[PDB]
Amino acid sequence: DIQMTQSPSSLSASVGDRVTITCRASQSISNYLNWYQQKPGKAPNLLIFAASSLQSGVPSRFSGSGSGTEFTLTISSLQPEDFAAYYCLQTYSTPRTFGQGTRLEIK
Amino acid sequence: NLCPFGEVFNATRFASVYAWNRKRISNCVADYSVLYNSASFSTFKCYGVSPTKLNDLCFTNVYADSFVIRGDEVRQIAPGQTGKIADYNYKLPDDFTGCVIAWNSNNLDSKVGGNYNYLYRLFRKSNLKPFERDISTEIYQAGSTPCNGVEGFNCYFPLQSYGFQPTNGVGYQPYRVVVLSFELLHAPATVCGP
Amino acid sequence: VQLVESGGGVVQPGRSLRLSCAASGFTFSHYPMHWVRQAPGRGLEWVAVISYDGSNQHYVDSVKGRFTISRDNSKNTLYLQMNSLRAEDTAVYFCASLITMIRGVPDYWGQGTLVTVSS
Ligand SMILES: *[C@@H]1O[C@H](CO)[C@@H](O[C@@H]2O[C@H](CO)[C@@H](O)[C@H](O)[C@H]2NC(C)=O)[C@H](O)[C@H]1NC(C)=O
């Protein structure tokens, strides 16, 4: 029922502390979200807890704010070990459709 | 002939807040020397019978309950004290007469990453009457919309974890709480001290 | 604390395949469970969820009727039976538990199980 879209779907991040991912929903989601990571051919793990909360086990660099209808994940460093998937997920209703995906380059 | 206090007070595992293992102990001689001396006991406050004269009166039947509490809200364990721990998962009756014990504990109750095995209740349809177990994970519904049995826009899982960390602070760290309850005159006294 | 899955393989288009998900450590009879699908070289999608008592079965509106899921608390396992499969089903399945708004339920995923039905 609910369909998502994340605009970039692909980006190139050289040495730089400003990398962001935009996630948008058809209907007003309030503050129900998840942002997951998936390394190449590995089981995905959490990256963000819900809307604007972190989950113990990851550095404090990752951040994300904005509720209701627009969402933006942001990072503030490189640490060249996190170039992987940045999937977006919903927790509003039973359909729970995921996002499309993302890739990170090296330039 | 000594009571199995070591089988309740000292142990490696404990229920979080709701699976509190109510152990009934009787047919023994009550000793109140190790407890009376306090030693490492953070708060020996007892509601009801005085703590000094405990080893004098012969109780009828005694129960021991154990769990872990966040600590900034340890005071909630007492008669006529509402809150979040004393209102949903462990309700103390108005006519309570037993004693409550709290141990400060960080060495054995917090891993480096942070414990996530001390769940405590978060929601319930109705307030909980005194001394009633509640072991069931059925999803709550805050709003009018029924979310069925997975989750919803206004539905939450009724078990959240404390989120312990080795540092935390003076508060917000695991305090192991054990409460002893005594029955008044159910039958001729079955446990008594020297 | 861990969880693994088994029962994958390659089969003809249209047949009954039963796959199992066994989790140890965190108690199994307290939390729901989800199955999530990831096709090769693409994003990942969701298929179905089962509650703790196995009385309610929500599915995505793409494999309704074809799939079925149940749980065995005594055996401490999750069983997914897929029948009348078709070509696009070829993907990797993960047995997971997903957090919604609170840090209570854990978020372990295992590794996965590959299944392609080209035959
Ligand atoms: C639980 O363990 C504590 C210590 O870990 C026990 O306290 C000791 O008890 C012995 C025997 O009475 C005394 O000789 C020690 O002086 C006590 N303090 C220590 C060892 O630091 C306590 O007795 C145990 N619980 C029970 C019910 O015996």
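Protein chains in written order, with the numbering used here: chain A, 1 to 107; chain B, 108 to 301; chain C, 302 to 420.
For every residue, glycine included, the Cβ atom is placed at its ideal position computed from N, Cα and C.
Would you mind working out which of the options sits nearest residue i, comparing C-alpha positions?
{"i": "A:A51", "options": "A:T91, A:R96 and A:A85", "result": "A:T91"}
{"i": "B:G113", "options": "B:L292, B:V285, B:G300 and B:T297", "result": "B:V285"}
{"i": "A:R18", "options": "A:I106, A:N31 and A:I75", "result": "A:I75"}
{"i": "A:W35", "options": "C:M402, C:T391, C:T328 and C:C322", "result": "C:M402"}
{"i": "A:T20", "options": "A:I106, A:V58 and A:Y86", "result": "A:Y86"}
{"i": "C:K365", "options": "C:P407, C:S375 and C:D390", "result": "C:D390"}
{"i": "B:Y263", "options": "A:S93, A:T97, A:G99 and A:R103", "result": "A:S93"}
{"i": "C:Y332", "options": "C:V418, C:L381, C:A397 and C:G413", "result": "C:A397"}
{"i": "A:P8", "options": "A:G99, A:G66 and A:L54", "result": "A:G99"}
Using only the alpha-carbon positions, how far apart do residue i and residue j sit?
{"i": "B:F238", "j": "B:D194", "result": "11 Å"}
{"i": "B:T159", "j": "B:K152", "result": "11 Å"}
{"i": "B:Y269", "j": "C:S317", "result": "44 Å"}
{"i": "C:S356", "j": "B:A146", "result": "52 Å"}
{"i": "B:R231", "j": "B:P265", "result": "8 Å"}
{"i": "C:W410", "j": "C:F395", "result": "7 Å"}
{"i": "C:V361", "j": "A:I2", "result": "11 Å"}
{"i": "A:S56", "j": "B:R228", "result": "21 Å"}
{"i": "B:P295", "j": "B:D216", "result": "40 Å"}
Could you check where the beta strand (DSSP E) with residue i kicks off and where it finishes?
{"i": "A:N45", "result": "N45 to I48"}
{"i": "B:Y279", "result": "Run containing B:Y279: none; DSSP gives neither H nor E here."}
{"i": "C:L386", "result": "C:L386 -> no beta strand (DSSP E), and no H or E assigned at all."}
{"i": "B:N211", "result": "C206 to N211"}
{"i": "C:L304", "result": "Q303 to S307"}
{"i": "C:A340", "result": "No beta strand (DSSP E) contains C:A340, which DSSP labels as neither H nor E."}
{"i": "B:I246", "result": "Taken as a continuous stretch (DSSP letters only), B:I246 belongs to no beta strand (DSSP E), as it is neither H nor E."}
{"i": "B:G178", "result": "Counting along the chain, B:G178 falls outside any beta strand (DSSP E), and DSSP gives it neither H nor E."}
{"i": "C:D373", "result": "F368 to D373"}
{"i": "A:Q37", "result": "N34 to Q38"}
Which bits of chain B does residue i rub up against, with CB to CB less than 7 Å?
{"i": "A:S60", "result": "Within chain B, no residue comes near A:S60; the closest Cβ sits about 14 Å away, beyond 7 Å."}
{"i": "C:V406", "result": "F264"}
Just the chain A side, please: which residues come within less than 7 Å of residue i by C-beta, in chain order?
{"i": "residue 302 of chain B", "result": "The structure shown has nothing for residue 302 of chain B, since chain B only spans 108 to 301."}
{"i": "C:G413", "result": "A43"}
{"i": "B:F230", "result": "Chain A residues near B:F230: none, gap ~17 Å exceeds 7 Å."}
In chain B, what lies closer than 9 Å to residue i by C-beta?
{"i": "A:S56", "result": "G220, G221, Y223, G270 and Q272"}
List, in order along the chain, the chain A residues whose C-beta lies closer than 8 Å to that of residue i?
{"i": "C:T401", "result": "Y32, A50 and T91"}
{"i": "B:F260", "result": "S30, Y32, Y92 and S93"}
Counting only Cβ pairs nearer than 9 Å, list the residues of chain C close to residue i.
{"i": "A:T97", "result": "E346, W347 and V361"}
{"i": "B:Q188", "result": "Here the premise fails: no neighbours, minimum Cβ distance about 25 Å."}
Got a sec, what are the start and stop residues for the alpha helix (DSSP H) residue i sits in?
{"i": "residue 325 of chain B", "result": "Nothing can be reported for residue 325 of chain B, as the shown portion of chain B is limited to 108 through 301."}
Which bits of chain A does residue i rub up against, with CB to CB less than 9 Å?
{"i": "C:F395", "result": "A43 and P44"}
Under 7 Å between beta-carbons, which chain C residues line up against residue i? List them in chain order, please.
{"i": "A:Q100", "result": "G344"}
{"i": "B:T119", "result": "The premise fails here: B:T119 is roughly 17 Å from chain C at the closest Cβ pair, so nothing lies under 7 Å."}
Report the neighbours of residue i on chain C: residues whose CB is nearer than 8 Å to its CB, in chain order.
{"i": "A:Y87", "result": "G344 and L345"}
Counting only beta-carbon atoms, is residue i nearer than 9 Å to chain D?
{"i": "C:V361", "result": "Annotation note: the requested chain D is absent from the structure, which comprises protein chains A, B and C."}
Near-chain B residues of the segment 344 to 357 of chain C - C-beta to any C-beta below 7 Å: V350, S352, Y353, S356 and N357
Contacting positions in the segment 306 to 340 of chain C - beta carbon closer than 9 Å to chain B: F327, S330, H331, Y332, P333 and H335
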